[PDB]
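Below you will find one chain, with nothing else, as structure tokens; this is the form deposited in one PDB entry, and questions on how it binds or moves follow later.
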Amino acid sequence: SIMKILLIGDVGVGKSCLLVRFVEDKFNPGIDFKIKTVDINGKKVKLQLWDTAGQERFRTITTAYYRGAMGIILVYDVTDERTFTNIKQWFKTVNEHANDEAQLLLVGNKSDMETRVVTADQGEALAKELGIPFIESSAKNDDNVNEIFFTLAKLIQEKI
């Protein structure tokens, strides 16, 4: 089966690096997606994982972008208060444009940085306000990245 999963949020928060860590298991930094197959309940699920450049940032406001998407991950940077502030607007825009059975997930990235300004309780609180699950991650330190996609994939398959 195919699960189309999108990463959404401000430029610079680590969307691409989260995607590279999940697929490649490494931190480093014209085809729009990567395919990674994962076992859920003993059955192969192929995730179709969408990441677009800030360059291409303009699509996220269109319903075309979310065509067939079943998971959407909203990402902010724990080091950047503004990217966290901006999450309510991302939520709203996603709900305006995506399938209503789409499962969403909040991710606070860069948990490795001692310059953190957004607490885990803050992220937890926002997540309840939006009615969604919440995970803190570090693409750099390899912390909680696989959990992001497995958590979301399991929620999507329970929908199905």
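Whichever C-alpha set is largest while still superposing within 1.5 Å between the two forms counts as the rigid core. In case it trips you up, residue 1 is the first one in the sequence shown, and so on.
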**OP:** Check the residues of the deposited sequence separating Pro29 from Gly30 and report how many of them have no coordinates, as none, 1 to 3, 4 to 9, or 10 or more.
**Re:** 4 to 9
Subject >> Average Cα temperature factor in the PDB entry - higher stretch of 87-95, 40-48 >> reply: 40-48
Subject >> Residue range whose averaged C-alpha B-factor is higher in the record, 125-133 or 58-66 >> reply: 58-66
**OP:** Would you mind checking where the Cα B-factor of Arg116 ranks among the modelled residues of its chain, as the lowest, middle or highest third?
**Re:** middle
Subject >> Third of the chain, ranked by Cα B-factor, where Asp142 sits >> reply: middle
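Heads up, the form deposited in another entry isn't pictured, but that's what we're talking about next.
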**OP:** Could you check which of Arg116, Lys128, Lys36, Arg59 shows a C-alpha shift of 2 Å or more between this form and the one not shown after a rigid core superposition?
**Re:** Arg59
**OP:** Answer with closer or farther for the CA-CA spacing of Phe58 and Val118 in the other form compared to the shown form; it moves by 3 Å or more.
**Re:** farther
**OP:** Specify closer or farther for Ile87 and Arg57: how their Cα atoms are spaced in the other form versus the shown form, given a shift of 3 angstroms or more.
**Re:** farther
